[PDB]
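What follows is one structure encoded as structure tokens, with my remarks underneath.
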2 protein chains.
Amino acid sequence: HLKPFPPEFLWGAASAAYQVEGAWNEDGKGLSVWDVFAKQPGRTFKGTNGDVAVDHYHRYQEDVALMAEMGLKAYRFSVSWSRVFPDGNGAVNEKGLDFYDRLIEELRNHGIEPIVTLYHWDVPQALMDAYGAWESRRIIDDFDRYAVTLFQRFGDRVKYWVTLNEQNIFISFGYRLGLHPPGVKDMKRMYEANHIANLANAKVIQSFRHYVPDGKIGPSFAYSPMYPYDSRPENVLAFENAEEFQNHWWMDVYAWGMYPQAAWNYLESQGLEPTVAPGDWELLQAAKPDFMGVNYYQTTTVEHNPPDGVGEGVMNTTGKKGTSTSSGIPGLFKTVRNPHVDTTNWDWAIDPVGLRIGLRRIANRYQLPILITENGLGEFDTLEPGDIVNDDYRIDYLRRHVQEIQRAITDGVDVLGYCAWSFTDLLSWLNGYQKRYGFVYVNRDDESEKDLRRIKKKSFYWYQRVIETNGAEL
Amino acid sequence: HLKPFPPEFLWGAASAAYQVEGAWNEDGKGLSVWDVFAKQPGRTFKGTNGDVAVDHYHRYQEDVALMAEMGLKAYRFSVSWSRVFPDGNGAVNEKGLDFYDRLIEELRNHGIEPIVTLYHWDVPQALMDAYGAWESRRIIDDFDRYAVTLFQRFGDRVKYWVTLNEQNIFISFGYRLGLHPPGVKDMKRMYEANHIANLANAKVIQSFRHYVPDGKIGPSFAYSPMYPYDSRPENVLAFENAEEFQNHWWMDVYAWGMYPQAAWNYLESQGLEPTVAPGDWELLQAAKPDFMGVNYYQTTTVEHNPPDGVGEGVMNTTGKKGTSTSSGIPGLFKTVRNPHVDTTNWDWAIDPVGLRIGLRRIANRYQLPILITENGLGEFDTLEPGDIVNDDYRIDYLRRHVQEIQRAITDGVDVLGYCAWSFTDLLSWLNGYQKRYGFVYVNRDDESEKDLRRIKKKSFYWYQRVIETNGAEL
Ligand SMILES: O=P(O)(O)OC[C@H]1O[C@@H](O)[C@H](O)[C@@H](O)[C@H]1O
Ligand SMILES: O=P(O)(O)OC[C@H]1O[C@@H](O)[C@H](O)[C@@H](O)[C@H]1O
């Protein structure tokens, strides 16, 4: 007795501006931190960058026609802040706004609901140069000016908005792991920037209530639900520590305005806790979102880890399977291979039931509606003769996730929509172009732009049918 | 470096009226449901009952002097509703109150803080005869009237109160498993009674805020933290179901005034959900407790359970190790042996790290102070020539738990106190006299009443030292 999907369930697909747009220095666009970082030697796969990406800035009309052919109910994209404020906080670049205005009109003219991500990792380099971007409280007012600019321009036409895409990733990768800009590896700096980002999220949610009173807004969290390895009490405890440090650290702030205490105490015991100003807690507690945005791709299995144990692990950026290694926080937990699930060529776990679990944990802890803002399978694809791509592996992945979503809905989770990552193939920040997620193949690779032609994959036709039957036929 | 136990930490021990008092028909006392139930053949181990028990009603001066010798900071006990209102709701029986007043006096005179439990499973049989007791909303006003009598009479000498002792257990055993009065096996009646107990709890918490404004009050929940057996997604999901169904079903209502949605929907799907009435929600939501009382003995490991798999299992009431079998809810989860822990002769898991896990979950989800209202080890004891009871097994159990408590406190959990189960040996409801938990041995068994003389066990002195050092020495 499964519930159906709701009559107006937002069947979607997603992109991010740096990964798709190209036109990195056209029509007055300023440099973003990713324009600079990606052109540093050694930072990205084979030196790939988003100078051209898949040229969505020029080809958006074609891409939207293909969305309309698919029957997409919603398209999630991000706004490139450096297109709108070339120097982050100066005068507005109207040509930048005009691009998003053309895109939104194009979507609406085809009956597609826009879902706008304010921030998908691309703070203008000028703010980084001026004051260190996310490490300065100055960014709170600067992010707010940019958000309000969009809210006033587009608020009439866009109802669904995402504030920060994966704060947990951009902050940890940028300031702990050194793998995203600004390339820092300093845990204290990381938790300071994170706190500032929390304040920026809250502040724009408050502004949103004034400028878009009939809208819906939330953050999109990169959620990997944690599992203990087995029922050994020390492994279950490792699991409580992981869930709290990796997940509650962010989601409790978004939902409740408070950091979890056992994590806080652990950080305070090392002088790593953020610097909290008077007024911070009041702001964080007075910015309730309409939904938790959830980016889900995999679960993580953890076990105990002694004080001299595993810290940073190797991440697979090449698509050679079995190249990842364990990571952790010495004393608290380490990741371990889950022997009950398959993995992708990039060593990501395939765990559709984990999505059902993550959705239940969120509903159960926070009582919040959930918009799944990303989910998808990143894999090698082959273009075959006759412009055919048979990505059965992708269909299988998506079908099983969408079935668990329906089970979560039947369990009583309020899921607003589902945005598959990604609509067209695009640039993977650290994995290049060969790690493909699209319904629509783009003809290019790491060595050549080729002709950038769009080619519908088998999954395109699978999803068109899912959407036509409102999820009744998977 | 661990945090120290705080300076005014309540180092306690506990009992319950039916299990300790005897004097079942003296001084005006009415029949309770347990007076009747225990006399029915087959309901108790070797037909044991509490007509005499360990005769605490006559020997309380001796017992309180033994508590003073130990150094106890607090003693948790229950009031026998049937001593105070022999009819449940008639005229108050002053001789009944007088005993509790004498007991409270003796406690205060020796410096010991009393913790009073309002309800420990012994509703007057008159109420059950009159209107089915917990199955009728009339018990809400009757219970409240009894609590208000006690608040008024003792509010100025008793600061800490527990409302219902293990609602989850007396409701479940009495209305689903048929092991406690009223001896019913009917899920529908179970949830209706449970819902009424919920409202009764909230009602008296509200009364308390008028009558004892400077006091602290909470329910005491029987908490077995759940573990998944392993990282199979289906087992983790079975763990989410078990924690929600066994634990959040109660704690969410105590803390937030709401039932969890997935358990609700699943019950609704079967017609098993409780009859809600206008005002119920407003009442449940307007009755925050000061703390969560936790009674803890063991964790439970679960795994996936087919729609046609395990339901009721064998429970060990004889102390013959290895006679318990798995229990489950078909389709949701079933219990399974945790290979990483030892068990007692009654097949209870020994899992002190489980306690820190549980305290951590409660603090993380509800942010409430915790009073550990029971914890202890039930085993066979041997009396030795010389009045020696070498209960090392018990010392080791309690040492480990107390150590995980200090770890939780350090992790940041606010534990107000710890009350070991039990001060003297006493009657176990279903297991008889041979299942002993006391620091003070009581000379009787399931065959012979002998003389009921109190002998200090090795653990008595152990705990004496613990209290002497405020935890510093174990
Ligand atoms: O590109 P990857 O590393 O395979 O990850 C896939 C996706 O990850 C999400 O975490 C990001 O929001 C996306 O921009 C995209 O990168
Ligand atoms: O007596 P047992 O079955 O060994 O249980 C030990 C304890 O269970 C607790 O939860 C009950 O509140 C106590 O009254 C005592 O019965």
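By convention in this document, the chains of the structure tokens carry letters A, B, ... by their order, each chain's residues are numbered from 1, and ligands are numbered from 1 in the order they are shown.
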
Residues within 8 Å of ligand 1, counting only C-alpha atoms and all ligand atoms: report them as a PDB file with N, CA and C atoms, in the first residue's frame.
```pdb
ATOM      1  N   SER A  15      21.928  21.712 -12.053  1.00  0.00           N
ATOM      2  CA  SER A  15      23.278  22.055 -12.468  1.00  0.00           C
ATOM      3  C   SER A  15      23.846  23.064 -11.446  1.00  0.00           C
ATOM      4  N   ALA A  16      25.069  23.488 -11.720  1.00  0.00           N
ATOM      5  CA  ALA A  16      25.728  24.560 -10.967  1.00  0.00           C
ATOM      6  C   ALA A  16      26.495  25.423 -11.957  1.00  0.00           C
ATOM      7  N   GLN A  19      30.152  24.675 -13.216  1.00  0.00           N
ATOM      8  CA  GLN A  19      30.256  23.402 -13.838  1.00  0.00           C
ATOM      9  C   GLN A  19      29.645  23.437 -15.266  1.00  0.00           C
ATOM     10  N   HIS A 120      26.739  28.403  -5.019  1.00  0.00           N
ATOM     11  CA  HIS A 120      27.283  27.073  -5.363  1.00  0.00           C
ATOM     12  C   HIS A 120      28.775  27.254  -5.618  1.00  0.00           C
ATOM     13  N   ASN A 165      24.684  25.938  -1.131  1.00  0.00           N
ATOM     14  CA  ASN A 165      24.836  24.544  -1.541  1.00  0.00           C
ATOM     15  C   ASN A 165      26.012  23.867  -0.818  1.00  0.00           C
ATOM     16  N   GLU A 166      25.732  22.809  -0.062  1.00  0.00           N
ATOM     17  CA  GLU A 166      26.731  22.043   0.643  1.00  0.00           C
ATOM     18  C   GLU A 166      27.775  22.841   1.380  1.00  0.00           C
ATOM     19  N   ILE A 169      30.713  20.923   2.564  1.00  0.00           N
ATOM     20  CA  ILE A 169      31.734  20.552   1.608  1.00  0.00           C
ATOM     21  C   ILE A 169      32.626  21.716   1.247  1.00  0.00           C
ATOM     22  N   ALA A 222      24.918  18.462   2.114  1.00  0.00           N
ATOM     23  CA  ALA A 222      25.469  17.213   1.579  1.00  0.00           C
ATOM     24  C   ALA A 222      25.400  16.176   2.640  1.00  0.00           C
ATOM     25  N   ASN A 295      21.260  16.974  -0.525  1.00  0.00           N
ATOM     26  CA  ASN A 295      22.071  16.315  -1.584  1.00  0.00           C
ATOM     27  C   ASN A 295      22.548  14.973  -1.083  1.00  0.00           C
ATOM     28  N   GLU A 374      19.796  17.137  -4.989  1.00  0.00           N
ATOM     29  CA  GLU A 374      20.647  16.393  -5.873  1.00  0.00           C
ATOM     30  C   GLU A 374      20.639  14.920  -5.487  1.00  0.00           C
ATOM     31  N   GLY A 376      22.293  11.287  -7.967  1.00  0.00           N
ATOM     32  CA  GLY A 376      22.615  10.874  -9.302  1.00  0.00           C
ATOM     33  C   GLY A 376      23.791  10.003  -9.337  1.00  0.00           C
ATOM     34  N   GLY A 378      27.411   9.200 -11.083  1.00  0.00           N
ATOM     35  CA  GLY A 378      28.536   9.706 -11.850  1.00  0.00           C
ATOM     36  C   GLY A 378      29.322   8.501 -12.379  1.00  0.00           C
ATOM     37  N   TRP A 421      20.823  14.942 -10.224  1.00  0.00           N
ATOM     38  CA  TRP A 421      22.140  15.472 -10.703  1.00  0.00           C
ATOM     39  C   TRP A 421      22.644  14.565 -11.852  1.00  0.00           C
ATOM     40  N   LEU A 427      31.129  19.695 -15.951  1.00  0.00           N
ATOM     41  CA  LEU A 427      32.438  19.580 -15.373  1.00  0.00           C
ATOM     42  C   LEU A 427      32.367  19.184 -13.920  1.00  0.00           C
ATOM     43  N   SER A 428      32.941  18.044 -13.565  1.00  0.00           N
ATOM     44  CA  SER A 428      33.127  17.660 -12.151  1.00  0.00           C
ATOM     45  C   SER A 428      34.364  18.391 -11.635  1.00  0.00           C
ATOM     46  N   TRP A 429      34.161  19.191 -10.582  1.00  0.00           N
ATOM     47  CA  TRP A 429      35.222  20.047 -10.021  1.00  0.00           C
ATOM     48  C   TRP A 429      36.587  19.421 -10.015  1.00  0.00           C
ATOM     49  N   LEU A 430      36.640  18.242  -9.444  1.00  0.00           N
ATOM     50  CA  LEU A 430      37.936  17.562  -9.246  1.00  0.00           C
ATOM     51  C   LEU A 430      38.136  16.317 -10.100  1.00  0.00           C
ATOM     52  N   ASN A 431      37.096  15.921 -10.850  1.00  0.00           N
ATOM     53  CA  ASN A 431      37.131  14.601 -11.601  1.00  0.00           C
ATOM     54  C   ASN A 431      37.120  14.820 -13.098  1.00  0.00           C
ATOM     55  N   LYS A 435      33.704  11.950 -15.718  1.00  0.00           N
ATOM     56  CA  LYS A 435      32.760  11.507 -14.687  1.00  0.00           C
ATOM     57  C   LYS A 435      31.420  12.142 -14.924  1.00  0.00           C
ATOM     58  N   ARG A 436      30.590  11.439 -15.674  1.00  0.00           N
ATOM     59  CA  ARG A 436      29.349  11.995 -16.208  1.00  0.00           C
ATOM     60  C   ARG A 436      28.145  11.668 -15.391  1.00  0.00           C
ATOM     61  N   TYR A 437      27.288  12.665 -15.172  1.00  0.00           N
ATOM     62  CA  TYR A 437      25.984  12.513 -14.488  1.00  0.00           C
ATOM     63  C   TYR A 437      24.734  12.806 -15.277  1.00  0.00           C
TER      64      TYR A 437
END
```

Which residues of chain B come within 9 Å of chain A, and for each one, what is the closest pair of atoms and their distance in Å to one decimal, counting only C-alpha atoms, sorted by chain and residue number, as JSON lines?
```
{"residue": "B:227", "atom": "CA", "partner": "A:231", "partner_atom": "CA", "distance": 6.0}
{"residue": "B:228", "atom": "CA", "partner": "A:231", "partner_atom": "CA", "distance": 6.0}
{"residue": "B:229", "atom": "CA", "partner": "A:231", "partner_atom": "CA", "distance": 5.1}
{"residue": "B:230", "atom": "CA", "partner": "A:230", "partner_atom": "CA", "distance": 3.9}
{"residue": "B:231", "atom": "CA", "partner": "A:229", "partner_atom": "CA", "distance": 5.2}
{"residue": "B:232", "atom": "CA", "partner": "A:340", "partner_atom": "CA", "distance": 5.4}
{"residue": "B:233", "atom": "CA", "partner": "A:353", "partner_atom": "CA", "distance": 6.0}
{"residue": "B:234", "atom": "CA", "partner": "A:353", "partner_atom": "CA", "distance": 7.3}
{"residue": "B:236", "atom": "CA", "partner": "A:227", "partner_atom": "CA", "distance": 7.1}
{"residue": "B:237", "atom": "CA", "partner": "A:357", "partner_atom": "CA", "distance": 6.2}
{"residue": "B:240", "atom": "CA", "partner": "A:357", "partner_atom": "CA", "distance": 7.4}
{"residue": "B:244", "atom": "CA", "partner": "A:364", "partner_atom": "CA", "distance": 8.4}
{"residue": "B:260", "atom": "CA", "partner": "A:364", "partner_atom": "CA", "distance": 6.6}
{"residue": "B:261", "atom": "CA", "partner": "A:412", "partner_atom": "CA", "distance": 6.2}
{"residue": "B:262", "atom": "CA", "partner": "A:411", "partner_atom": "CA", "distance": 5.1}
{"residue": "B:263", "atom": "CA", "partner": "A:411", "partner_atom": "CA", "distance": 8.2}
{"residue": "B:264", "atom": "CA", "partner": "A:412", "partner_atom": "CA", "distance": 8.9}
{"residue": "B:265", "atom": "CA", "partner": "A:412", "partner_atom": "CA", "distance": 6.7}
{"residue": "B:266", "atom": "CA", "partner": "A:411", "partner_atom": "CA", "distance": 7.4}
{"residue": "B:301", "atom": "CA", "partner": "A:231", "partner_atom": "CA", "distance": 6.7}
{"residue": "B:338", "atom": "CA", "partner": "A:231", "partner_atom": "CA", "distance": 6.5}
{"residue": "B:339", "atom": "CA", "partner": "A:232", "partner_atom": "CA", "distance": 7.9}
{"residue": "B:340", "atom": "CA", "partner": "A:232", "partner_atom": "CA", "distance": 5.3}
{"residue": "B:341", "atom": "CA", "partner": "A:232", "partner_atom": "CA", "distance": 7.7}
{"residue": "B:351", "atom": "CA", "partner": "A:233", "partner_atom": "CA", "distance": 7.4}
{"residue": "B:352", "atom": "CA", "partner": "A:233", "partner_atom": "CA", "distance": 8.7}
{"residue": "B:353", "atom": "CA", "partner": "A:233", "partner_atom": "CA", "distance": 6.1}
{"residue": "B:354", "atom": "CA", "partner": "A:233", "partner_atom": "CA", "distance": 6.5}
{"residue": "B:356", "atom": "CA", "partner": "A:237", "partner_atom": "CA", "distance": 8.4}
{"residue": "B:357", "atom": "CA", "partner": "A:237", "partner_atom": "CA", "distance": 6.1}
{"residue": "B:360", "atom": "CA", "partner": "A:262", "partner_atom": "CA", "distance": 7.9}
{"residue": "B:361", "atom": "CA", "partner": "A:240", "partner_atom": "CA", "distance": 8.0}
{"residue": "B:363", "atom": "CA", "partner": "A:261", "partner_atom": "CA", "distance": 8.3}
{"residue": "B:364", "atom": "CA", "partner": "A:260", "partner_atom": "CA", "distance": 6.6}
{"residue": "B:365", "atom": "CA", "partner": "A:365", "partner_atom": "CA", "distance": 7.2}
{"residue": "B:367", "atom": "CA", "partner": "A:261", "partner_atom": "CA", "distance": 8.8}
{"residue": "B:408", "atom": "CA", "partner": "A:262", "partner_atom": "CA", "distance": 8.8}
{"residue": "B:410", "atom": "CA", "partner": "A:265", "partner_atom": "CA", "distance": 8.3}
{"residue": "B:411", "atom": "CA", "partner": "A:262", "partner_atom": "CA", "distance": 5.0}
{"residue": "B:412", "atom": "CA", "partner": "A:262", "partner_atom": "CA", "distance": 5.4}
{"residue": "B:413", "atom": "CA", "partner": "A:262", "partner_atom": "CA", "distance": 7.7}
```

- Message: Between B:27, B:347, B:312, B:396, which residue has the minimum interatomic distance to ligand 2, considering only C-alpha atoms and all ligand atoms?
- Response: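 For ligand 2, the nearest of the candidates is B:347.
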
- Pairwise distance for CA of residue 424 (chain B) and atom 11 (C, counted along the ligand's line) of ligand 2, rounded to one decimal in Å: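 Between CA of residue 424 (chain B) and atom 11 (C, counted along the ligand's line) of ligand 2 the gap is 14.0 Å.
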
- Those of region 227-396 of chain A in DSSP strand (DSSP E), formatted as JSON, numbers by chain: {"A": [227, 228, 292, 293, 294, 295, 300, 301, 302, 303, 328, 329, 333, 334, 335, 336, 370, 371, 372, 373, 374]}

- Task: Please return as a PyMOL selection string: the residues of region 70-124 of chain B that backbone DSSP assigns to alpha helix (DSSP H).
- Result: chain B and resi 70+81-84+94-109

- Could you pull the residues within 8 Å of region 137-145 of chain A, counting only C-alpha atoms, minus those fewer than 5 positions along the same chain, as a list in words?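 Listed by chain and then number, they are residues 88, 89, 127, 131, 196, 197, 199, 200, 203, 204 and 207 of chain A.
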
Write to file, as an mmCIF file, in the first residue's frame, the residues of the selection just made, with N, CA and C atoms.
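The result, stored in result36.cif:
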```cif
data_model
loop_
_atom_site.group_PDB
_atom_site.id
_atom_site.type_symbol
_atom_site.label_atom_id
_atom_site.label_comp_id
_atom_site.auth_asym_id
_atom_site.auth_seq_id
_atom_site.Cartn_x
_atom_site.Cartn_y
_atom_site.Cartn_z
ATOM 1 N N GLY A 88 32.302 41.496 -6.517
ATOM 2 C CA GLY A 88 31.690 40.956 -5.333
ATOM 3 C C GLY A 88 30.699 41.901 -4.611
ATOM 4 N N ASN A 89 31.007 43.188 -4.532
ATOM 5 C CA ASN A 89 30.142 44.092 -3.732
ATOM 6 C C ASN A 89 30.033 45.516 -4.189
ATOM 7 N N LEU A 127 36.328 39.480 -3.337
ATOM 8 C CA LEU A 127 36.054 39.399 -1.925
ATOM 9 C C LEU A 127 37.098 38.595 -1.187
ATOM 10 N N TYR A 131 39.139 40.700 1.754
ATOM 11 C CA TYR A 131 39.050 40.377 3.149
ATOM 12 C C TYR A 131 38.965 38.928 3.485
ATOM 13 N N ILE A 196 30.746 31.829 10.278
ATOM 14 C CA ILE A 196 30.386 32.936 9.483
ATOM 15 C C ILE A 196 29.365 32.561 8.409
ATOM 16 N N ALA A 197 29.591 31.422 7.787
ATOM 17 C CA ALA A 197 28.604 30.940 6.779
ATOM 18 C C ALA A 197 27.198 30.653 7.392
ATOM 19 N N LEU A 199 25.940 32.284 9.850
ATOM 20 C CA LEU A 199 25.363 33.594 10.060
ATOM 21 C C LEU A 199 24.860 34.156 8.750
ATOM 22 N N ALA A 200 25.595 33.927 7.659
ATOM 23 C CA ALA A 200 25.159 34.415 6.321
ATOM 24 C C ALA A 200 23.879 33.707 5.843
ATOM 25 N N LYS A 203 20.956 35.171 7.944
ATOM 26 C CA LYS A 203 20.674 36.526 7.581
ATOM 27 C C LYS A 203 19.864 36.614 6.286
ATOM 28 N N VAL A 204 20.234 35.818 5.296
ATOM 29 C CA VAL A 204 19.482 35.883 4.013
ATOM 30 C C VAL A 204 18.089 35.252 4.098
ATOM 31 N N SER A 207 16.138 38.068 5.436
ATOM 32 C CA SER A 207 15.803 38.990 4.355
ATOM 33 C C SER A 207 14.726 38.451 3.417
#
```
